[PDB]
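Only one chain is shown below, in structure tokens, and it's the form solved without its partner chain.
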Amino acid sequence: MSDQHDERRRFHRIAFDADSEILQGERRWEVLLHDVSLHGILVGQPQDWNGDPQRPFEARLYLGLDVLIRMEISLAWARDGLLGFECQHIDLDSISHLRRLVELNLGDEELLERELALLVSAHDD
């Protein structure tokens, strides 16, 4: 309840605002994306959400004018109006645009040490 916010996802998720659309079968809907990860996405639940949580969903993100990203995701969970999705497959090109978003959001060398060492608890040592 303090500075732990009960973290359960190894590392945070590049949170930024943008427009996202989800397509499941012959049905499409417009949604706002609240945050994403190199292997997961979070979105808002629209009213026209006429889909079966058991069947897969596809997500398309729109950032730049020439930046169209496509990812295939499945319903992971749903709580308080928001919906989570786990990436099952994503285009090689889309993967790179996500890398670009992560790199730019990263910024550059910094201090706080700890924060930097935190990568230790996950990967790359």
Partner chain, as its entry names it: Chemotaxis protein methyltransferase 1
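Numbering follows the first chain given and starts at 1.
Separately, the form deposited with its partner chain bound exists; it is not shown, and the next lines address it.
**Student:** Consider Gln45 of the chain shown here, and say whether it contacts its partner chain in the deposited complex, taking contact as heavy atoms within 4.5 Å.
**Tutor:** Flag for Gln45 set to no.
**Student:** When the contact criterion is heavy atoms within 4.5 Å, does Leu101 count as touching its partner chain in the deposited complex?
**Tutor:** The answer is yes: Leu101 has a heavy atom within 4.5 Å of its partner chain.
**Student:** Are any of the heavy atoms in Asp19 no more than 4.5 Å from a heavy atom of its partner chain in the deposited complex?
**Tutor:** Because no heavy atom of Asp19 falls inside 4.5 Å of its partner chain in the deposited complex, the answer is no.
**Student:** Would you check, heavy atoms only and a 4.5 Å threshold, whether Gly107 touches its partner chain in the deposited complex?
**Tutor:** Although its partner chain is absent here, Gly107 would touch it in the deposited complex, with heavy atoms inside 4.5 Å.
**Student:** Among 23-31, 78-86, 48-56, 62-70, which stretch sits within 4.5 Å of its partner chain in the deposited complex, heavy atoms only?
**Tutor:** Contact-bearing stretch, as computed: 62-70.
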